[PDB]
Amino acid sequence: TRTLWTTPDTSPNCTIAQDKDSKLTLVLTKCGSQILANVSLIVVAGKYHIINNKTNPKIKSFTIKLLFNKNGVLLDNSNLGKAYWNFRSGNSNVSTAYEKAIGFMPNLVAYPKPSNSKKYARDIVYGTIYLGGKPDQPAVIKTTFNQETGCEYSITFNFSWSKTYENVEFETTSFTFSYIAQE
């Protein structure tokens, strides 16, 4: 029944374009064979803080990657900082870094690493979130399992938009999804 999370405060914990430019709020709750996931994003500074596609027509997407080793431990090339990711204790985290979280990893049979074998779309979940909570400011959140190199498991969030936003702050509504657990 346990939960891996980023504390749900607004303290930046994530680096998209520059150090600590964002707060990823991610909560993974183990419900047996499935992980129930809840995600939102606040960009606080830098390139993706205020979108202006009149000024910058090609600024239309970015990616946040969580890379994990064989024990389900977060690797430092991840966009999310290691100090910010742990099992929940109250509204905070355990003060000791976890050793094992394989039960939270995306299942490798469901979602295999890239190979020469046919690639299926099963390892992707699509959703839409809304910038500033406004229903006319959609952005697509594409979540992909186990497609990154340099790791045993991965979860990546690609944010993209097709509208021409003029001075829109990139901070989002929340989205829930699930995925099949490794064990």
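Each residue number is its position in the shown sequence, starting from 1. Under this definition, the rigid core comprises the largest set of C-alpha atoms superposing within 1.5 Å between the forms.
S.K.: Core-aligned, which moves more in 8 other deposited structures of this protein: 113-121 or 66-74, by CA RMS?
M.R.: Most displaced of the pair in 8 other deposited structures of this protein: 113-121.
S.K.: Once you work out the mean C-alpha B-factor for both 31-39 and 152-160 from the entry, which is higher?
M.R.: The stretch with the larger average C-alpha B-factor is 31-39.
S.K.: Looking at the deposited entry, does 127-135 or 49-57 carry the larger mean Cα B-factor?
M.R.: Mean C-alpha B-factor is greater for 49-57.
S.K.: Sorting the chain's modelled residues by C-alpha B-factor, tell me whether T6 ends up in the lowest, middle or highest third.
M.R.: Middle third by C-alpha B-factor.
S.K.: Of the three thirds of its chain by CA temperature factor, lowest, middle or highest, which one includes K119?
M.R.: Highest third of the chain for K119's C-alpha B-factor.
S.K.: When the deposited Cα B-factors of this chain's modelled residues are ordered and cut into thirds, is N77 in the lowest, the middle or the highest one?
M.R.: Answer is middle: the recorded C-alpha B-factor places it there.
S.K.: Split the chain's modelled residues into thirds by Cα B-factor; is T172 in the lowest, middle or highest one?
M.R.: Tercile = lowest for this residue's CA B-factor.
S.K.: In terms of the CA temperature factor given in the entry, to which third of its chain does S22 belong: lowest, middle or highest?
M.R.: Middle third, going by the recorded CA B-factors of the chain.
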